[PDB]
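Listed here are the chains, written in short residue letters.
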Amino acid sequence: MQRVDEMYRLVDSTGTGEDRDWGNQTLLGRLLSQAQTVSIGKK
Amino acid sequence: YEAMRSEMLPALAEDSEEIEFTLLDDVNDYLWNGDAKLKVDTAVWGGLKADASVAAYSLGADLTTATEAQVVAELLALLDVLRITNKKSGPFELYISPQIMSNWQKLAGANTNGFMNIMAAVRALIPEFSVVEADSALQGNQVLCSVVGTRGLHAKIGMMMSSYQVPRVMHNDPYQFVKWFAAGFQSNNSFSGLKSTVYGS
Amino acid sequence: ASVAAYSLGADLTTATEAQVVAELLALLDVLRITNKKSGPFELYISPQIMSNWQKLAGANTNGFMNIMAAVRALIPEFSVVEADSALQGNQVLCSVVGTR
Amino acid sequence: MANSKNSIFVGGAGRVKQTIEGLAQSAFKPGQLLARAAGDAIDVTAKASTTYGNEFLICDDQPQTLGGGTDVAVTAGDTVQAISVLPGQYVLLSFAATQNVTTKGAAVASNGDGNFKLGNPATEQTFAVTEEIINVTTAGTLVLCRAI
Amino acid sequence: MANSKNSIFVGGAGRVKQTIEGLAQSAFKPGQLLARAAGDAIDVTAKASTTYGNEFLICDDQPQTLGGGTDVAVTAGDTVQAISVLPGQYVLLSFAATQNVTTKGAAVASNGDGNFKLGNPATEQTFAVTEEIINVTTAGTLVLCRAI
Amino acid sequence: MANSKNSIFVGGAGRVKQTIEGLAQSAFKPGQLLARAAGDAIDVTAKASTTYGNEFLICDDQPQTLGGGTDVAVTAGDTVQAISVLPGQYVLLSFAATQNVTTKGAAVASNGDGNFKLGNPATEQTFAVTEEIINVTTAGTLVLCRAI
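Each value, and the rule that gives it
Residues numbered from 1 in each chain as written, not as in the entry; some residues may be left out. Chains lettered and ligands numbered in written order. Part of a larger assembly, values for the part shown. Heavy atoms only, no water. Helix = DSSP H or I, 4+ residues; strand = E, 2+ residues; numbered from the N terminus. Contact = heavy atoms within 4.5 Å. Salt bridge = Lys/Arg side-chain N within 4 Å of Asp/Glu carboxyl O. Buried < 20%, exposed > 50% of the residue type's maximum accessible area, 1.4 Å probe, protein only. Buried area = accessible area lost by both parts, 1.4 Å probe. Polar contact = N/O pair within 3.5 Å; in protein donor to acceptor, adjacent residues only side chain to side chain. Nonpolar A, V, L, I, M, F, W, Y, C, P; charged D, E, K, R; others polar. Pairing = 2+ DSSP bridges. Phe/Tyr/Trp six-rings, centres within 6.5 Å; stacked < 30°, edge-to-face > 60°. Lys NZ or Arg CZ within 6 Å of the ring centre and 35° of its normal.

Per the PDB record, the structure was determined using cryo-EM to 3.6 Å resolution.

Draft legend 1. Broad picture of the environment of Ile20(D). One can find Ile20(D) in strand β1 (residues 18-20). Setting aside chain neighbours within four positions, we find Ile20(D) in contact with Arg36(D), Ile42(D), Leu57(D), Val80(D), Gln81(D), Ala82(D), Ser84(D), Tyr90(F), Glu131(F) and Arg146(F).

Draft legend 2. Summary view of the pattern of salt bridges. In total, this model carries 26 salt bridges over all chains according to the counting rule given. With its nearest N and O atoms 3.2 Å apart, the salt bridge here joins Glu131(D) to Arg36(E). Highlighted residues: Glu131(D) in the loop between β10 (128-130) and β11 (135-136) and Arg36(E) in strand β2 (residues 34-36), drawn from two different chains. For the pair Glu131(D) and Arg36(E), one class covers both residues: buried. Taken together, the shared-partner salt bridges connect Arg36(D), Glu55(D), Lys104(F), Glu131(F) and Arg146(F) into one network.

Draft legend 3. Spotlight on the interface of chain A and chain B. Residue-level contacts link 22 residues of chain A with 29 residues of chain B. Both sides together, the interface formed by chain A and chain B hides about 2300 Å², and carbon and sulfur atoms give 61% of it. Along the contact surface separating chain A from chain B lie two salt bridges. Here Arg20(A) ties to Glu18(B) by a salt bridge, and the two come within 3.1 Å at their closest N and O atoms. Counting across the interface, chain A meets chain B through twelve residue pairs in polar contact. Residue assignment for the side of chain A that touches chain B shows that the elements contributing at least two residues are α1 (26-31) and β1 (36-37) of chain A. Residues of the side of chain A that touches chain B, tallied by class, amount to eight nonpolar, ten polar and four charged. One ladder, built from two bridges, connects β1(A) with strand β5 (residues 154-165) of chain B; its direction is parallel. Of the residues in β5(B), the one forming a bridge with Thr37(A) is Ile157(B).

Draft legend 4. Geometry of the packing of aromatic side chains. Overall, the coordinates contain eleven aromatic pairs over all chains when judged by the stated rule. Here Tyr30(B) and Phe185(B) contribute two aromatic rings whose centre-to-centre distance is 6.2 Å and whose plane-to-plane angle is 40°, an arrangement assigned as tilted. One end of the pair, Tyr30(B), is in helix α2 (residues 28-32); the other, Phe185(B), is in strand β6 (residues 177-186), and 155 residues separate them in sequence. Of the residues examined, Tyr30(B) reaches a relative accessible area of 21% and is grouped as partly exposed. With a centroid separation of 5.2 Å and an interplanar angle of 65°, the aromatic rings of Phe56(E) and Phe127(E) are classed as edge-to-face. With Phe56(E) in the loop between β3 (42-44) and β4 (57-59) and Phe127(E) in the loop between β9 (116-117) and β10 (128-130), the pair connects residues that are 71 residues apart, well separated along the chain. The class for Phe56(E) is buried, based on a relative accessible area of 5%. Every member of this aromatic cluster is reached through a ring pair, and the members are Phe56(D), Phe116(D) and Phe127(D). Above the ring of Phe21(B), the side-chain terminus of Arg20(A) is found at 4.2 Å from the ring centroid. Geometry around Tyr175(B) places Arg168(B) over its ring, the cationic atom sitting 4.6 Å from the centre.

Structure (structure tokens):
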């Protein structure tokens, strides 16, 4: 189930991701929650 | 992708959540630095630190090395470019560099009833600031105070963030997905030139 | 090379009750700012430091308080603050424990 | 007029166009040859006729909801929506004066003023190929051409 | 023969061809270079080999329900259905005599008689690129080539 | 870095690539100019800069499940998956040293070593057109370019 030249190791990958920043999108998180929705095409 | 359906490694849900983050960080850079590309007649945006709709105020004392007394003495000189020379009112909101939210958690030195920090001292002496928070776009000695809401700094969403899949025709068409978004920003003004946002240094 | 090295400026064995919290936040901000990590961090100190943190504070006159009880009320993201004898002198260590 | 010429990109019913946005510098008419410059601004080419390596970049007509047509000039200092032409599409170009198109299939060179002309395909870059037999006399007439 | 050559447009399973109809003037064989002329008639090119700006226009095989194949010549004075080749498609050309194709990727020029040849890509217009290693000796053999 | 450069074919959300497989001869890096040779092997071009008729053939990054990236070199003597670039697509090329890209739209020639450079479009074959304003100093940096 593994190549016998490499049996000393183990693989438990699962990614774990990456976290963003301290205070990344605090202002934009408030503007886009109080925003007015207009129709597309109105430039 | 047909191989990674056998190792059960996702490789798409770990990239549907890595564009959806990166989409909302070059919207955010458009708000904080602006593009000279996108102009219809005269409606540029320019950015929150270079616009002509944003009041520019130069700080005198460095807020990274100053004491507790020079902070409140140079935070009221920022707020008085909204109450005095620009006549605006209402609950103001202030946004803080992450090095400055650090220095606003040290010991006060003025209170002796117990232990209190500078952040609980500012939020009790100047009760006009409704919400104090931090924001990573300020890297060094720079702050920003303004009003949010429909009377001040506001945003208008053209199309909400949606996503779809380009359909596969043949048997060896690669998998592709597209996310798109559309919105715009504007700080409120008045005909003589009275502004509602102040960008500190 | 998997451990962030940060040099302290003020000696934590002779400093007052103001220079401690002013140089304990400069240690914690190599985990919240320049390394983006979150969660409740923990602090482990030499016993010669924790013996220094039992003196009278001075900057609070309403009773009698410790410098140890100063940092418990100022910085509450420190979940566990205890001592460890593997450190001898002016050296501390702050990190996250658990699988992450 | 059975040949209505009120859309500058008429190149098939399944082929979509490739759009290059940018800023303006002058007020040119739709269907002329462009060239991008420093900054992010577009204007007329004003290169020589005997220079190769130029990109096929023509000015699309502006949208209907912005006051745009096939003869309305663009407004200066704004966003001009242009077209990069892939090989194998038909587009309405704009020729210069005093030249007649007799045979379908002649070589379409580029004049120095931002218009096109029938030149000898040995000393100039061939952009497109004629697809309509008409004779033009006023500079600024729209002639159908295939971009191969 | 594992390489069956009974369709002149073999250029992918999702790419459709671009067709240029027109009238005939002679009886040419499918897979030769054409050139449109005055009126609305097509024939063989008969231009020089060292002339640029020519359009990639080859003669498609006629339909099966009109007596058409890859070797049946067209009937003169009728509608010849041709092919304009977009860049990035494979087509079966027709080479001249006494030239061998060794490497996949040589330059394909155009001979003056309506056939193709391997020429030096410094004085003639490069149409396509070879995609099959064969040696031809009789003029009129079909060789696979990619049009880029 | 807001401009992530970890895929060598970034050319639209509906345009698929054209792949030319073949054998290796050396260990080149993805994003360099190739040229097919005798047998069925690919390597770096090593032709002159002033030679026309070359095919736009760049080295695609190898698959993720074979140890491939935008900086991992290929393993010699194996199957290298490459890309033939159609006109009208954006691809990440690899420039040489000591040249700055100021304007979006300059001509992209080919250096003799398998990298690209900004040359005068009168004596060399123009492959692509620049699409990013950056300045490079180390040979082997990825710059976005449109292939028209």
